[PDB]
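Below: one structure, written as structure tokens.
So that the names make sense, note that chain A is the first sequence line, chain B the second, and so on, each numbered from 1. Side-chain atoms are counted along with the backbone in the values below, which use heavy atoms only and exclude waters and symmetry mates. Numbering of ligands and ligand atoms starts at 1, following listing order.
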Amino acid sequence: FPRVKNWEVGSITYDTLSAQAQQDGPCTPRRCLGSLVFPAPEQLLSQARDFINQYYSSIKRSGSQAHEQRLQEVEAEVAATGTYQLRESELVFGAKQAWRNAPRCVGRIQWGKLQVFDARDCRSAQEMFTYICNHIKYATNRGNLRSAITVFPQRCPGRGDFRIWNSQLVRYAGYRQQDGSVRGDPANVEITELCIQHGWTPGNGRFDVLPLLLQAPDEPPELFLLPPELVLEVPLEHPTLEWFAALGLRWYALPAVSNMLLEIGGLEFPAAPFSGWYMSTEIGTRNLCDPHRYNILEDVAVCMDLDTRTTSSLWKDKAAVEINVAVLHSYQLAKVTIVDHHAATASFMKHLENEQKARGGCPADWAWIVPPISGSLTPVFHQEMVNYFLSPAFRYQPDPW
Amino acid sequence: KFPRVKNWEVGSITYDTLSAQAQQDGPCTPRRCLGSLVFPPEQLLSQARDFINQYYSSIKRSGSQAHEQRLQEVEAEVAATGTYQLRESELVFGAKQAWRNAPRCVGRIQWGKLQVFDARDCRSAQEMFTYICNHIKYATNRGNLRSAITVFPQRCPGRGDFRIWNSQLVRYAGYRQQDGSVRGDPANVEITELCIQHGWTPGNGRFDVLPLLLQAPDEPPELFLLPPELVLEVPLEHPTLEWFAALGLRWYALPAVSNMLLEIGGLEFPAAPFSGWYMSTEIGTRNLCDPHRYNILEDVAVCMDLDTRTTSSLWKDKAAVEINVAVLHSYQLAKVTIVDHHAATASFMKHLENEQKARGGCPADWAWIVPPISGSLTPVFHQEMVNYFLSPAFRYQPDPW
Ligand code: HEM
Ligand code: HEM
Ligand SMILES: Cc1cc(N)nc(CCc2cc(CCN(C)C)cc(F)c2F)c1
Ligand SMILES: Cc1cc(N)nc(CCc2cc(CCN(C)C)cc(F)c2F)c1
Ligand SMILES: C[C@H](O)[C@H](O)[C@H]1CNc2nc(N)[nH]c(=O)c2N1
Ligand SMILES: C[C@H](O)[C@H](O)[C@H]1CNc2nc(N)[nH]c(=O)c2N1
Ligand SMILES: [Cl-]
Ligand SMILES: [Cl-]
Ligand SMILES: [Gd]
Ligand SMILES: [Gd]
Ligand SMILES: [Gd]
Ligand SMILES: [Zn+2]
């Protein structure tokens, strides 16, 4: 079992949980591909059996009558129908485990506090839209954000999938421009073109909230506009740089990933959007300063009167720090939940300790856990980590178009 | 079978066909990735044959007279002696190749410019010391640093090794107290206690340059005082924070790793110190701000009058940026070669491009190439990388005790 060192303290542990990793990753003894972003009844039965075992362990009933009854029920149902249905309590536990198991999530200290909305009865794209609006309203909670997931019907033979085409529930449009540039968010050029192609009347601002493209089984996607008062946004200002407000920057309160697949005991839920709250570097560093996103770094450093003609002035570093200050200050001013990268990484360290005691390890992706500014000033930098795949899980899936 | 490698800033794609040559298997398996871990008789002919083939291809001389002749002499040498001696040019070529192959080195754009001192006829810790002294004075070059390596005799059966007990040629002492904690560099507490134990009169200071412990085969070590005028150091001041100088901080000019083992064509050199010049985050971020190193971050924030009461002021990030600024300003004022993390990572992207054309890929350790501050502000953050072991190589090796 892999030995894992923390270099700040000197601590050493062994990740025995990795030995139970079922599915395979991209690395081999020849070559590590850790840094890559994107790496049958009997086999459904064996996944389902393992998950039912996990559920009954969690409720201190391993080996009991009800445990064997459920194992028997599942096999009989797979034999009769080729699939099976989760009980409500099994779904809640499986959604929480999927979050717990997610190696790229630094916020997992919260994994047990998750509101699970059971939308497995959803019938249409119109009902899907109503469920999603309720999710946004509950999770946003006027700025006091609450973690939640809404679970739409599982994949099943004989019918297409429910899908949300948008990558998050709230996203800003990206408009390919006159001179070939992009106005708005360049990460969203494709979904923006698809919304237009499906009848949306575009805007032409930098922060235009996108409509939703929702797909019911065996139906083309259907366009739904979000009511503006459902989408809470934060205008960005800086506590001491008063010209920062004149940049006209904004971001939205709710980070709600909507394009991932939830897998529980062999069953697959292609539509299951989940939401927490932001860590400030996601907005301040990646979304606003990535060269292929809003790319504001040089404009901010020029306004700060930094010497941008030489790298060794560290003008890039200084401007990025103040952009992250602006994000934190603005969300706090607006009373919208946010966590900074120091507090978030410290709480992740507590999670690793909790998980070492509970399960003997924790799957973690070092390159995603370490924040994109001030990496080695956070404790996770000095923590060796072991990356592997446990189920239940959130998985990437192909775009439906 | 050839890993696809994407750059996410630009969208470009390459394939690492070079990876299909990795000898020493790394630590990862399909089951789990250990990429974040710091530390994971006639088979000599196999590695010697392959290395000689490497040599003659690099000089466009595969399949011709001189190439075949050299194959037989190593064959006869190993048959007659159980080992072989490298030609001078091969020793040079192998030193540059080991540098070129180091997955954790961001400065490899320089790999063709390397001064190779051949100390293979050395015998005794006294000869070592004068060799080390020639290197240090050559490499330092009054602050116009020049990359250099010195190659002490190779390992052979039945006889002890040449070893430098220090991890670098210049290290600062670390002294315990009436209370455990360390004055000086906590990373060197152990070699400090060895040097004192072997007869060295310790100092009282936070920046005492340690003596050398040099080990000829089969003899206990011998202490050597480095000539004070040969160890070039930089007192640290800040361009605009006039009190920063009063903190009394300094760092040395020459980074010279002296504890790694150089392997060429199956030959092992446990004493082969190599040196380049510093990238400024090594000093300003890791050495001065790591919690287990000089840990100066809060002292600098106090002097800057920052609000250390809340993490979301980003007082840690601000003080760290100014410490890096002070390192760069001080080294440039002293006319001592240094490179900032923006310049260095941009040069590495060019190196990746060169290596793609020259060899079809480049072994790179993402977690070590990405700098420890401002990670996503540098281009290497957005570049996927493949990590694997090629020979010749620099390898880690046990402490000589
Ligand atoms: C409660 C506060 C939360 C915080 C502060 C947080 C933090 C983060 C951060 C910073 C990332 C990296 C994302 C990126 O760089 O694009 C991430 C990824 C992720 N989070 Fe969390 N998260 C939270 C809640 C949740 C919840 C509620 C779930 C699911 C129930 C979840 C599941 C995931 C998954 C699956 C990923 C990986 C996504 C990907 O690879 O694209 N997180 N989280
Ligand atoms: C010329 C300027 C150079 C620069 C700017 C540079 C930069 C760096 C940096 C920042 C690291 C990371 C090490 C750490 O974080 O502790 C590193 C590692 C390394 N470099 Fe370079 N380097 C240079 C020259 C060289 C030379 C001349 C050699 C050998 C001939 C070399 C071989 C290595 C090796 C083997 C490592 C791995 C160190 C380890 O794993 O402990 N580098 N380099
Ligand atoms: C629930 C939650 C909380 C939080 N605090 N942050 C997030 C952001 C997740 C996220 C991941 C990515 C990786 C894309 N990569 C796979 C190509 C892209 C995104 F656009 C995105 F939003 C989610
Ligand atoms: C030639 C050269 C040039 C340059 N610019 N930098 C270096 C840094 C080498 C180096 C490696 C390490 C890793 C060992 N540790 C993680 C266990 C630690 C250090 F403190 C250190 F200095 C070398
Ligand atoms: C190429 C590299 O893997 C890529 O840029 C990764 C690195 N680490 C990351 N970490 C987080 N949290 N989010 C990301 O999008 C990325 N991107
Ligand atoms: C645990 C982790 O692997 C360790 O802290 C690594 C991370 N990346 C690094 N990168 C560099 N350049 N140098 C280091 O010492 C480290 N340390
Ligand atoms: Cl986001
Ligand atoms: Cl160093
Ligand atoms: Gd002001
Ligand atoms: Gd402007
Ligand atoms: Gd003062
Ligand atoms: Zn790996």
[X] side chain to [Y] backbone, donor-acceptor under 3.5 Å:
X	Y	result
A:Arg286	A:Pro372	no
A:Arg293	A:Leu288	no
A:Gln97	A:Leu390	no

Under a 4.0 angstrom heavy-atom cut-off, which atoms of ligand 1 come close to [X]?
X	answer
A:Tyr396	39 (C), 40 (O), 41 (O)
A:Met279	10 (C)
A:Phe394	29 (C), 30 (C), 35 (C)
A:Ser275	27 (C)

Requested in this report: Please report the number of protein N, O or S atoms that lie less than 2.8 Å from atom 21 (Fe) of ligand 1.
Outcome: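 Count of protein N, O, S atoms less than 2.8 Å from atom 21 (Fe) of ligand 1: 1.
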Pair [X] and [Y], ring centroids less than 6.0 Å apart:
X	Y	value
A:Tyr172	A:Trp251	yes
B:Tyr252	B:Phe207	no
B:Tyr331	B:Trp277	no

Report task. Would you please name every residue forming a side chain to side chain donor-acceptor pair (under 3.5 Å) with A:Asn259, sequence neighbours left out? Result -> none
Query raised in the report: Closer than 4.0 angstrom: is that true for some heavy atom of A:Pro103 and an atom of ligand 1?
Result: no
Query raised in the report: Counting both backbone and side chain atoms, is some N or O of A:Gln110 under 3.5 Å from an N or O of ligand 1?
Result: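 No: no nitrogen or oxygen of A:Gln110 is under 3.5 Å from one in ligand 1.
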Answer with side chain, backbone, both or neither: which part of [X] has a heavy atom less than 4.0 angstrom from an atom of ligand 1?
X	value
A:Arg286	neither
A:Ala148	neither
A:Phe274	side chain

Nearest non-hydrogen protein atom, [atom]:
atom	answer
atom 1 (C) of ligand 1	A:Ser147 OG, 3.3 Å
atom 38 (C) of ligand 1	A:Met260 SD, 3.9 Å
atom 15 (O) of ligand 1	A:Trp368 CZ3, 3.7 Å

Query - Over 12 foreign heavy atoms within 6.0 Å of CD, A:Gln397 - result: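 Yes - once you tally the heavy atoms of other residues, nucleotides and ligands closer than 6.0 Å, there are more than 12.
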Testing the 3.5 Å rule here: is there a donor-acceptor pair between the side chains of [X] and [Y]?
X	Y	value
A:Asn166	A:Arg171	no
B:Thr281	B:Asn324	no
B:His341	B:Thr378	no
A:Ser374	B:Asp317	yes

Query raised in the report: For atom 3 (C) of ligand 1, which of A:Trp277, A:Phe348, A:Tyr278 has the closest heavy atom?
Result: A:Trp277
